[PDB]
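Asker: Sending over a structure as structure tokens; questions will come in a sec.
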Amino acid sequence: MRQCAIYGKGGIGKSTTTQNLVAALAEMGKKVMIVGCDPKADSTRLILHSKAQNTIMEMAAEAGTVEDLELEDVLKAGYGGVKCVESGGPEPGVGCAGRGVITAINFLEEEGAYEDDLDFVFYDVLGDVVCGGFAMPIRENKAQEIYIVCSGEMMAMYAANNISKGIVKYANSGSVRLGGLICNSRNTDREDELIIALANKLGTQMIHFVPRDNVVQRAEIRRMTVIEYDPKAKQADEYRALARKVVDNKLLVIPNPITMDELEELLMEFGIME
Amino acid sequence: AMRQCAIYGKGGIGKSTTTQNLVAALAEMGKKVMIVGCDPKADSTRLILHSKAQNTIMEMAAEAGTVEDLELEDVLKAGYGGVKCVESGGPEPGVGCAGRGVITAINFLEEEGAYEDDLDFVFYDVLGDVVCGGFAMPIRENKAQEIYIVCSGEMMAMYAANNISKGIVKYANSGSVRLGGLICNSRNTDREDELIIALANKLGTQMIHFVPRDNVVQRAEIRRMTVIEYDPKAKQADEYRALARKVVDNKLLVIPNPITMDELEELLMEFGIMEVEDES
Amino acid sequence: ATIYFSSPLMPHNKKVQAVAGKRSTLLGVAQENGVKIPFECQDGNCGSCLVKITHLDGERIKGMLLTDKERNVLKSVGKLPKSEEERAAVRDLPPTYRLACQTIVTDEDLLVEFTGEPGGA
Amino acid sequence: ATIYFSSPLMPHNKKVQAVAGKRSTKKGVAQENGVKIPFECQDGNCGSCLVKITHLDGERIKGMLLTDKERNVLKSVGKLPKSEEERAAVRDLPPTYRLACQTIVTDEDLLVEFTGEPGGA
Amino acid sequence: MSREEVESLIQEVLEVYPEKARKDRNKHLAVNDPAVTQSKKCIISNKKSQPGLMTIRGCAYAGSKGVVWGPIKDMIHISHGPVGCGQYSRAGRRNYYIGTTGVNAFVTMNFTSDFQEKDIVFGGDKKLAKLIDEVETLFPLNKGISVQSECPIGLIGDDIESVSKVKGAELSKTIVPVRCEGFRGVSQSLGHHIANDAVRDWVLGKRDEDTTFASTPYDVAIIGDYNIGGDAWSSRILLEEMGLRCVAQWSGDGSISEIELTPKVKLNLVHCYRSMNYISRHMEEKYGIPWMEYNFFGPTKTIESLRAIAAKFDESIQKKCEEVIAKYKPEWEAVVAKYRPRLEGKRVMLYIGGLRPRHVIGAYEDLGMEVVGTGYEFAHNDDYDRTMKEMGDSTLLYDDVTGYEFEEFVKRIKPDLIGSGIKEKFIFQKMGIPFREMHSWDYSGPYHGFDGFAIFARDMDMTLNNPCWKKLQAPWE
Amino acid sequence: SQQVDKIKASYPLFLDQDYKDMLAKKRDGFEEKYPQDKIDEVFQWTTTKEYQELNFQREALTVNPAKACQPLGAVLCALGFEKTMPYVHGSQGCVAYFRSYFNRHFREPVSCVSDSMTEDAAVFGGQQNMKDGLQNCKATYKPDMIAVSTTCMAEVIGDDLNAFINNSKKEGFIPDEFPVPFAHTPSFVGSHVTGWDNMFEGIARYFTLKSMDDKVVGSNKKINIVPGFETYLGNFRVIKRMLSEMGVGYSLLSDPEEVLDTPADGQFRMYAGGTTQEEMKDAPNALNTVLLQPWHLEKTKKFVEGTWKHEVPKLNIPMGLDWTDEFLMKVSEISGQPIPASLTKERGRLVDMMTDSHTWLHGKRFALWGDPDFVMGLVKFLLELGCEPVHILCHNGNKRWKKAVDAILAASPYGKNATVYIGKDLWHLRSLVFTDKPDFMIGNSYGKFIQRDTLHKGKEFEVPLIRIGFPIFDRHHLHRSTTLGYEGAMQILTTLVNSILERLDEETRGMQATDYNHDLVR
Ligand SMILES: Nc1ncnc2c1ncn2[C@@H]1O[C@H](COP(=O)(O)OP(=O)(O)O)[C@@H](O)[C@H]1O
Ligand SMILES: Nc1ncnc2c1ncn2[C@@H]1O[C@H](COP(=O)(O)OP(=O)(O)O)[C@@H](O)[C@H]1O
Ligand code: ICS
Ligand code: CLF
Ligand code: SF4
Ligand code: FES
Ligand code: FES
Ligand SMILES: [Fe+3]
Ligand SMILES: [Mg+2]
Ligand SMILES: [Mg+2]
């Protein structure tokens, strides 16, 4: 009954990495569930194969209110083991955009969707800003383990720093801790050892380094995970390796935030920024 | 008739064990009494309910919305013949005043009406280490009519007894709070019975029954019961009863005369506890 | 009815006189007096007008109706404890946090606090 | 002058009418109306009567004198920031936290908050 | 019996509804388990009615003007707004009073603003002040004015509070503004709350600084008895025979001075918890007056309540209570001996808005009758907490029942008697089922006390064992 | 204390000595009642003429009105159509009060629903209430038609019915072909009869506005009958009988007489009878349309004249002798059917009764209040009987109606005493009957208090009440009486003459004091 959350800047493959991770865990006799906290509801499409899963926020407004909402209408097991929920979000400019996460997470506890057969619960959470309902996993102690999906680019390392700052603030209130870093590779030089440098200074560990591949592009058209498409793919074994280290990861640390210069100096030495 | 009592003293000297044993004796004489635990650690009702550390008002008010929503029956339990038991509890260490629970619990008991007419005694067990804050509130707000200070032969317990008597005299004009006596709990140290007698004479008050140490107290504590119930035929059971009769028959409620720190030092050397001190 | 508006965005707390029970809500009184509570919807679902309301005259607290729409929005924002929900359902007593666009002014003295942020932090 | 007392120990906020400028301080107003602010000295040197004052009519804020005795006590309980000390010295405007036994009632509307604990937590 | 049968009946009844209506109405029907202490997990109450389902509930104006404020006899109550609201509630509730109507009592009269279009467009505050002036010259002996607002008053944004303050200061008169617009609240319960708040804020605290009233250690105040057919007078004679002095009566046959004298009284006896628990709690918190709930329906409940009340005083009151019980014992013994054999074993279903279904269950059981169904239009969850103990196991419980639901439940259960209001009486009489009006007592009563128990037994026997119920079917058919 | 053999209800149980002592103690101790002499002085003051000038002066305060609000009439009109549910858009208290009012008058079930609009709708409007209520009512009570009215809350909000119902149909809450006629019935305009008129016009316009192309006047050879706000079942029955005895094809539009009188046979019928949708659709094909109560059917008259192209005759309410004669004459002229001998014999019997009762009736003073058409018909009949209507009150009458009634009173020597009051309530009438005492009152149950007041001044000032009108609450089954036609005229005559004779019998009953006039034969 370990619940984890995936935090990172938008566009860093976090939704796909969570889905291929989940597909990698479904085969090995584990029943897991994905909760999509990203406002755009593309975080369960490879599992469900659906064009666009109806979000809890969407169907609550059409059905009057969230009380008139049934769990069997929001929770779809497109894959038999995998359970997929899309929280959804409000329209831009209308209230707090993270309030969709609060409604969905509260709804799932109310209906008891966390009962007796879940091994892992994964939250795919927007990481550009940590506030409102996006900081809700860390603030409410919903997700004990947190993995950050980062990149060589400076904004991704800056995003990883902000999440660690928010984990420190709620370290005393809750058991939530940084479980590790996930480095998703664009075809740039000196990346894996760059993020290892980041992790070594944060007091946390790197978990894996997933490289860019073209097998994922074939999977996109299928609306399927790479694992279910081509289980013999080099990327598909890479995702098994990342999955196996997630289950057998034991150290969970309170992060150490990194200042502006100190993060900057790491970029200059590797040459990513001049 | 509504005789409200309080027991003060240094932490770890045996206030809770003396209070619960005293209260058990009082119920044996058909006296309806209530214990209010004002100690932050909240273990002053273990040996009456026999269950565990009683749920405190701070915990119940926190899990519920607020204090008025909390039920009287939820925090005020009945044990040992129905002697009512309540625990004030305390806030998180380093947050607010460590005596805030005392201020909260006494207000809740008054608002509900738990101070019903057919109660004879109400005992408050409060840590005396510091007088200030919610630990002075029973004295300041006239909550406890008479005070008994548990004290031993140690320097700290004697110093804490003088501090509590300082609090009483400050609030003596504004209320009926008075000093009832001193209870000497024994560490088996030599020449302590007369030491506490001397301190009581210096303070101007009597001395309540002196309690020798024994391992029968721990025997009843490991089973979570008062010594008087665990053995009614033991000498400690009658000794606790003797302390309770003198409490009911107590009538010398005086305004103490706090003594100076150097006087405490001088009176400690005359009994051999402190070695004689020479400046050179 | 006397209403005191308070906000860190406001240099000074503002005191206004309001007619109780108007079809126009607390949002009406605020807009007429230039109090900048963020209003971002016309259907009462966004929750951006969340305010903290204190009844200064505790003896003069008026029973009201907490509608199902306001209640659900307060849960979605998170500003509704289970005890306050039970208090409203059983005793018809207002919760601490309200939506200004759905709050009817009563005949009492009120302190209204807002941060300038939408409900839900 | 209208004074609203507020405390977690009080079930309801109490509203009182007071005469401004009396030699008897806010401590006087509280004691006539049975408000249990802890008063544990007669020389104004303890911090027990520390209260938080909010001027509800922010336009009707009266200039006053922060006495050197009250200033030092507020600093001894860590309740006088340097910016508020400078504002009192230069603009003669009251600080957020006050000592009730040393606070003179002015002709405005005030919200007085206390916890039941002495100043200094 | 037949708990599973009751559950299946509820399920098959709920099938006609759309999904929203079915889902909501499922929360409001329950099978009684007397072992439950918290009703809210078992059943839900105090919610909005489903649109277009023929609810029996009223509005807040009915709960305030028609229930709480109306019985007060020496005050003049103005129905502020159009004419319908005042017209339909005029003398429709039997709250008994002693006075000369139109001179010093005004209970059965309809004072209204009679709003027109220009009143809606421009407002009615000046009209309200003019009306207040007109009332004082026309009726110089009135001792106070209340302004019960109807829907357009709050809908157009009138300031009745400032008008009340100005006119009361000018004329040295008590003018109480009540914002009891019908759209506020889901039923009459919020009307009760608003009326209690108005009483607390404009009436109760007037004789606070005076002490000319000579009090007594035996002073009580009846709270929440509206003298329906004279119930409060029977309760009062029973209390005064016990040795107590009744200072106030809320609000049947009530006066403004009796309301103002309620702070002096030592104890509050609250017959109805739902309508007047608010003011009782306020008085307990402010003046330190304790309060208790009593029941004067049937001999058993009456004796129990009398003993409980006597337990709050000295031993002379208890001796007088025993004297009263001994004096009244043979009367209700004779009543039971006459009427129980005719009524033994009959099954009755009830549907009254708050307190009364639970309140009359004991009186029915005193005659060998058993209540298969108990139901409330507006009760809260505390009322259901109180009523679950008093109802038998596997009995039906309903909240805000619709007409369709009640008709189907009655068709399946087939009780021998139904007790409800005027809006169900002629529905259930055409089905051949005896019906007793449990709001107005079918223009009979009182039912409180032993004097009322006699009339209650006579009425139940009258209606249930009537020849006309065997004449319902044609002989050729 | 009760005796089990003779159990006493509130009267006269509270006349016992112990209860009297209890009430005296309560009044003396805690009521602070005014001195009884002061109360008597104030009562006598309220009797006098200076009080009447103050009472007449008031321009704002209304005391004991004699009218209701529009949605009551709208519900009554909607109840007269087959398998139709009255639906009031607004708060539920309105519907509860309407149902209680009609239940007390007719002693029959009354079916009506609301959408239970609350503070949520007060802020954001009631469109969702409309959609949910329409779907719920159609699913639950299965009507063939839903007629929508409004409360004062809806009108102040500005919620519009047409858009709400169209959005309900477009979004799938109700089928697009389901008939949902509607009308706006503000309670601050007019009275209940105005609401009846508005609802009838709404329904007629709903069914007969978009297909006027194939409508030919007189093609079905029938006469449309619009009764108006009518609370006497005998009036519907007598209109039907008079037209059926004359061989005249007719269509009674909005007749509720079946649902308001259903047999008790062990089952409950929510719907019974009523005007069919086919009759409403075929209404413009009729030869003409007659309005039984013209003075509260004005918008309906405008619609029927300007859309159905029917030359609506100028007829009064068929009350009394002359107006019943005129109604039968107009029906004969329109339908081409001669008046049969049965109607002539009935009219002759009415004249016989008038000549038999004339000596008692001649010169009796009557104070009457009611709806405009009913009041004017009653005044006409009183004039034809030789009686003097001295106080004529109509709370919901206008100046044109007052002019017509004054013209009616001018054409008879028995209307010299008569004066007409509009906008006045029953407190005004209490002042009128105190300062200018008539012999009798004619009105609804609300006059029973006025009689009470008069009896307090003395038996020689008592003005007995005669219960004709709406609503009658303290008597049973009087709603089955007929006011219209020769039958209604003779029922009214019997009531009047027997009330006079009963009053005389009561006055002359004292032994050795007045019983010299206690005649066996009268
Ligand atoms: N391990 C990977 N190897 C190659 N490409 C990837 C990998 N993970 C993600 N991508 C690509 O990166 C893009 C970002 O995907 P997505 O997760 O939807 O965005 P976000 O991270 O904002 O949720 C996708 O279009 C995907 O094709
Ligand atoms: N009369 C006694 N004889 C022997 N040991 C005792 C006696 N009273 C208390 N103790 C021991 O002293 C320890 C601390 O006493 P306690 O009552 O917890 O102190 P406090 O006054 O802080 O509550 C306990 O573990 C108990 O075993
Ligand atoms: S006031 Fe209430 S509906 Fe408590 S609105 Fe209603 S004369 Fe009922 S169950 Mo009519 S809360 Fe009284 C009542 Fe009970 S009018 Fe009477 S019978 S005991
Ligand atoms: S819910 Fe209540 S009873 Fe209803 S109106 Fe509103 S306050 Fe009144 Fe009176 S006038 Fe007629 S019946 Fe209504 S529609 Fe306008
Ligand atoms: S007053 Fe005493 S108990 Fe309270 S915080 Fe200060 S030192 Fe601690
Ligand atoms: S403005 Fe959107 S909820 Fe109030
Ligand atoms: S009471 Fe000590 S400073 Fe005020
Ligand atoms: Fe009938
Ligand atoms: Mg994505
Ligand atoms: Mg201890």
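In the structure tokens, chains take the letters A, B, ... in the order shown, each chain's residues start at 1, and ligands count up from 1 in the order shown.
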Neighbours of ligand 4 at 8 Å or closer, counting only C-alpha atoms and all ligand atoms: which residues, as a ChimeraX atom specification?
Answerer: /E:58-62,81-88,149-152,180-183 /F:68-72,90-98,150-153,186-188
Asker: Enumerate as a list in words all residues of region 6-83 of chain D assigned to strand (DSSP E or B) by DSSP on the backbone, naming them with the chain letters and numbers the document uses.
Answerer: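 Strand (DSSP E or B) members of region 6-83 of chain D, listed: residues 6, 14, 15, 16, 17, 50, 51, 52, 53, 54 and 55 of chain D.
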Asker: Selected residues, N, CA and C atoms, written as a CSV table (one decimal), in the first residue's frame, please.
Answerer:
chain,number,residue,atom,x,y,z
D,6,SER,N,-12.4,38.5,21.8
D,6,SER,CA,-12.3,37.2,21.1
D,6,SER,C,-11.2,36.3,21.7
D,14,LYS,N,-17.6,38.6,22.4
D,14,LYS,CA,-18.4,39.5,23.2
D,14,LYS,C,-18.2,40.9,22.7
D,15,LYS,N,-19.4,41.6,22.6
D,15,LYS,CA,-19.4,43.0,22.1
D,15,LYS,C,-19.8,43.9,23.3
D,16,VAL,N,-18.9,44.9,23.6
D,16,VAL,CA,-19.2,45.8,24.7
D,16,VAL,C,-19.0,47.3,24.2
D,17,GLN,N,-19.7,48.2,24.9
D,17,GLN,CA,-19.6,49.6,24.7
D,17,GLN,C,-18.7,50.2,25.9
D,50,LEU,N,-1.0,40.3,27.6
D,50,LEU,CA,-0.7,40.6,26.1
D,50,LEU,C,-2.0,40.2,25.3
D,51,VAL,N,-2.4,41.2,24.5
D,51,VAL,CA,-3.5,41.0,23.6
D,51,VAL,C,-3.2,41.5,22.2
D,52,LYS,N,-3.9,41.0,21.2
D,52,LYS,CA,-3.7,41.4,19.8
D,52,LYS,C,-4.9,42.4,19.5
D,53,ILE,N,-4.6,43.6,19.0
D,53,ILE,CA,-5.6,44.6,18.7
D,53,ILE,C,-5.7,44.8,17.2
D,54,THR,N,-6.9,44.7,16.7
D,54,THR,CA,-7.2,45.0,15.3
D,54,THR,C,-8.1,46.2,15.2
D,55,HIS,N,-7.7,47.3,14.5
D,55,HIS,CA,-8.5,48.5,14.3
D,55,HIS,C,-9.5,48.2,13.1
Asker: Starting from chain A, keep only residues with some atom at most 12 Å from an atom of chain E, counting only C-alpha atoms, and report them as a PDB file with C-alpha atoms, in the first residue's frame.
Answerer:
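Below is the file that was written, out38.pdb:
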ATOM      1  CA  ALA A  63     -24.225  15.228 -13.406  1.00  0.00           C
ATOM      2  CA  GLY A  64     -25.054  18.215 -11.195  1.00  0.00           C
ATOM      3  CA  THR A  65     -22.487  17.699  -8.440  1.00  0.00           C
ATOM      4  CA  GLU A  67     -22.310  13.528  -4.914  1.00  0.00           C
ATOM      5  CA  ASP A  68     -24.248  12.253  -7.953  1.00  0.00           C
ATOM      6  CA  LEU A  69     -21.057  10.628  -9.287  1.00  0.00           C
ATOM      7  CA  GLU A  70     -20.440   6.873  -9.218  1.00  0.00           C
TER       8      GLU A  70
END
Asker: Report as JSON, numbers by chain the set of chain E residues whose atoms approach chain C to within 6 Å, with distances computed over only C-alpha atoms.
Answerer: {"E": [154, 155, 157, 159, 185, 380]}
Asker: One decimal, in Å: what's the spacing between CA of residue 130 (chain B) and CA of residue 118 (chain D)?
Answerer: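 Rounded to one decimal, the two atoms are 13.6 Å apart.
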Asker: So how far away is CA of residue 228 (chain E) from CA of residue 104 (chain F), in Å?
Answerer: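 Distance between the two atoms: 18.0 Å.
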Asker: Give me, please, the distance in Å between CA of residue 466 (chain F) and CA of residue 377 (chain F), quoted to one decimal.
Answerer: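 So the answer is 16.0 Å.
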Asker: Which residues, written as number ranges by chain, have at least one atom at most 12 Å from residue 58 (chain F), with only C-alpha atoms counted and residues fewer than 5 positions away on the same chain left out?
Answerer: E: 113, 127, 130-138; F: 51-53, 63, 423-425, 427-428
